Amino acid sequence: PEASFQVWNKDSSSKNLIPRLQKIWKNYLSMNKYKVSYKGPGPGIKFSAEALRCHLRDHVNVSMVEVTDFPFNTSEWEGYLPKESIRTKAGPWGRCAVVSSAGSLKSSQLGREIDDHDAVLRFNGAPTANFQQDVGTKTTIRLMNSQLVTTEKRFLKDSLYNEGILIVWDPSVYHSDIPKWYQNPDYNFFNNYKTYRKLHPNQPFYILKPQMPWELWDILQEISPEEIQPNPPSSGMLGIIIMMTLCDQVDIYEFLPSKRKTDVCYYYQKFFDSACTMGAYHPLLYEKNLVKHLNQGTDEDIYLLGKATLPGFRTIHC
Ligand SMILES: *[C@@H]1O[C@H](CO[C@H]2O[C@@H](C)[C@@H](O)[C@@H](O)[C@@H]2O)[C@@H](O[C@@H]2O[C@H](CO)[C@@H](O[C@@H]3O[C@H](CO[C@H]4O[C@H](CO)[C@@H](O)[C@H](O)[C@@H]4O[C@@H]4O[C@H](CO)[C@@H](O[C@@H]5O[C@H](CO)[C@H](O)[C@H](O)[C@H]5O)[C@H](O)[C@H]4NC(C)=O)[C@@H](O)[C@H](O[C@H]4O[C@H](CO)[C@@H](O)[C@H](O)[C@@H]4O[C@@H]4O[C@H](CO)[C@@H](O[C@@H]5O[C@H](CO)[C@H](O)[C@H](O)[C@H]5O)[C@H](O)[C@H]4NC(C)=O)[C@@H]3O)[C@H](O)[C@H]2NC(C)=O)[C@H](O)[C@H]1NC(C)=O
Ligand SMILES: Nc1ccn([C@@H]2O[C@H](COP(=O)(O)O)[C@@H](O)[C@H]2O)c(=O)n1
């Protein structure tokens, strides 16, 4: 016969969420903090996986703030941003791993497998020490939100941040260009970016262009059967797209969750919240639908290992 097991449902909706998470999604729609007005193709468009993969290659620009982008060409900013492109400094690589921060990484023993990739991408303050067996020890790129850089005092102390390439991102007003956003960042991480950058010059540290998250959101909203959270996508999803541009093959672990699915938010923290898995602020739900939809692994890989495989843009047909 055939195996009857539940891996991530590609067509999940608000009407598949707990009431408590349903309310939170409604509230975020009202707020519209970032002044989103989706005027793209009506939500609910059906894309092939190959087709949607090209769409993401073509309509999402993965670029870092360069010295040529006004106003990072002004004197006050001179000598802060890294000289060469991130593409130059990072790879290209064959097989890469994106490690979510999910609590379901607990007792996964995924460490050795994670470390057999050329590069590993982690998020925010996700630690490696004490968790190597489940989580690995290698950190090649670390993606952080601007809130952490701005307000986490440990960002300028903990050695964990001192490994590999750093990238920071900050949500901007919807469809904003670089100068307007510089005026109105969601968190003013600019001082601390300059401050860290003074302390670790030989550590590459980039700033994601503010447009990248929204260009991705537009695609999310185009696919989704309903209106999604008017907030930018989660760090996890950005980290995936980033790696798809740096690798030929990206493995994502415990994003689409395994059989160890749990309310425990992080592998490295002891608190529960279903929202970290199912989404609150971020349209994480619809991000997961997209990953499942582009998965080139089997369902069995998801259930047992929490593992999803996407091809790098470098390798696709168009
Ligand atoms: C992402 O990102 C990206 C990028 O960004 C960036 O990138 C970089 C790299 C660069 O590029 C920069 O720039 C950018 O920014 C993006 O993309 C983009 O986008 C945009 C849009 O939006 C675009 O723009 C456009 O452009 C064009 C062109 O340009 C050029 O130049 C420039 C400088 O600046 C550059 O940049 C570019 O690239 C180009 O270049 C080119 O290249 C090419 C290649 O590709 C080349 O080729 C070559 O060459 C050589 C030598 O020659 C040889 O030949 C070989 O073979 C080849 O191959 C070339 O050379 C070069 N050059 C040229 C020029 O070509 C422009 O044009 C445009 O403009 C237009 O349109 C617009 C809209 O859009 C408008 O507004 C304007 O106005 C115009 O229009 C026009 O107008 C005029 C008047 O004014 C008219 O005229 C008329 O006409 C008639 C007849 O017809 C008559 O005659 C009369 O009399 C008159 O008047 C006309 O018509 C019109 N037209 C129409 C159509 O309408 C624009 O500006 C760009 O390009 C892009 N880039 C890229 C790269 O792609 C994106 O978008 C992003 N994404 C997102 C999503 O966001
Ligand atoms: N339970 C969890 C916890 C985190 N994550 C992913 O890991 C990423 C990193 O988590 P933080 O952004 O909270 O540091 C999230 O943006 C999300 O994509 C998840 O998918 N499930």
Side-chain angles (χ1 to χ4, degrees), residues 8 12 21 40 54-66 68-70 85 87 97-106 108 121-127 135 139 141-149 152 155 160-161 167-172 174-178 208-220 222 229 231-243 245 252-258 260-292 302 306-308 313:
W8 191 273
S12 303
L21 294 186
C54 277
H55 191 52
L56 287 153
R57 180 190 68 182
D58 291 334
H59 299 73
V60 166
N61 284 342
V62 175
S63 44
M64 308 291 127
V65 170
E66 301 181 321
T68 56
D69 306 295
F70 175 85
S85 191
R87 290 178 154 84
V98 174
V99 182
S100 122
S101 305
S104 49
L105 276 160
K106 168 183 180 177
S108 70
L121 173 89
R122 294 170 200 280
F123 300 97
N124 297 296
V135 140
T139 304
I141 304 186
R142 180 185 295 278
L143 180 60
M144 305 170 304
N145 61 59
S146 48
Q147 172 280 303
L148 182 160
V149 172
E152 175 64 75
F155 171 69
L160 78 92
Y161 298 105
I167 302 178
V168 55
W169 77 279
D170 177 79
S172 64
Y174 176 67
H175 278 184
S176 184
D177 63 345
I178 282 172
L208 186 63
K209 288 189 176 195
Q211 297 91 321
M212 194 278 213
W214 296 114
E215 277 150 0
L216 174 58
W217 189 97
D218 285 337
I219 292 179
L220 281 184
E222 185 183 5
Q229 282 96 330
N231 303 308
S234 64
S235 301
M237 192 67 234
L238 308 177
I240 287 170
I241 306 283
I242 294 184
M243 301 295 280
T245 83
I252 308 103
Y253 296 90
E254 291 298 348
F255 190 63
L256 304 188
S258 63
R260 298 173 292 276
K261 183 179 185 186
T262 175
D263 275 356
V264 173
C265 174
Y266 294 126
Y267 65 77
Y268 59 101
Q269 307 236 268
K270 300 186 174 172
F271 75 88
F272 302 84
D273 188 4
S274 196
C276 295
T277 291
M278 303 299 297
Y281 176 91
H282 299 287
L284 190 65
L285 186 64
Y286 313 93
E287 290 167 24
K288 293 178 183 204
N289 295 339
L290 165 71
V291 172
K292 210 307 196 160
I302 304 169
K307 181 198 179 174
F313 293 134

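Heads up: numbering here begins at 1 and tracks the sequence. Each ligand, and each atom within it, is numbered from 1 in the order the structure gives. Hydrogens, waters and symmetry mates play no part in the numbers below; they use all other heavy atoms, side chains included.
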Check: every ligand 2 N/O to protein N/O pair under 3.5 Å:
unit_1: ligand 2; atom_1: 1 (N); unit_2: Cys265; atom_2: O; d: 3.0
unit_1: ligand 2; atom_1: 1 (N); unit_2: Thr277; atom_2: OG1; d: 3.1
unit_1: ligand 2; atom_1: 7 (O); unit_2: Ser101; atom_2: N; d: 3.4
unit_1: ligand 2; atom_1: 12 (O); unit_2: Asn124; atom_2: ND2; d: 3.4
unit_1: ligand 2; atom_1: 13 (O); unit_2: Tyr266; atom_2: OH; d: 2.5
unit_1: ligand 2; atom_1: 14 (O); unit_2: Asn124; atom_2: ND2; d: 2.7
unit_1: ligand 2; atom_1: 16 (O); unit_2: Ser235; atom_2: N; d: 3.4
unit_1: ligand 2; atom_1: 16 (O); unit_2: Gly236; atom_2: N; d: 3.2
unit_1: ligand 2; atom_1: 18 (O); unit_2: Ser234; atom_2: OG; d: 3.2
unit_1: ligand 2; atom_1: 20 (O); unit_2: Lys288; atom_2: NZ; d: 2.8
unit_1: ligand 2; atom_1: 21 (N); unit_2: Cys276; atom_2: O; d: 3.1

N or O contacts of ligand 1 with protein under 3.5 Å, please list pair by pair.
unit_1: ligand 1; atom_1: 2 (O); unit_2: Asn61; atom_2: ND2; d: 2.4
unit_1: ligand 1; atom_1: 118 (N); unit_2: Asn61; atom_2: ND2; d: 2.7
unit_1: ligand 1; atom_1: 121 (O); unit_2: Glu215; atom_2: OE2; d: 2.9

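Remark: the backbone N or O of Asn61 is paired with a side-chain donor or acceptor of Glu215 at under 3.5 angstrom. Not a single donor-acceptor pair under 3.5 Å links the side chain of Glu66 to the backbone N or O of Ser85.
Between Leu238 and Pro233, the shortest heavy-atom distance links the atoms CD2-CB, 4.1 Å.
Looking at residues two or more places apart in sequence or on another chain, you find a side-chain hydrogen bond (donor to acceptor under 3.5 Å, both in side chains) between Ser235 and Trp169. In this structure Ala126 satisfies the side-chain contact (heavy atoms from CB on, under 4.5 Å) test together with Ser101, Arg142, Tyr267, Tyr268, sequence neighbours excluded.
Using a 3.5 Å distance cut-off with no hydrogens or angles, the side chains of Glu254 and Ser108 do not pair a donor with an acceptor. Of the N and O atoms on the side chains of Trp8 and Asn289, at least one donor lies less than 3.5 Å from an acceptor on the other residue.
The CD1 atom of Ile241 sits 5.0 Å away from atom CG of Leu216, with the distance rounded to the nearest 0.5 Å.
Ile219 has its side chain within reach of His59: a pair of non-hydrogen atoms, C-beta onward, lies under 4.5 Å apart.
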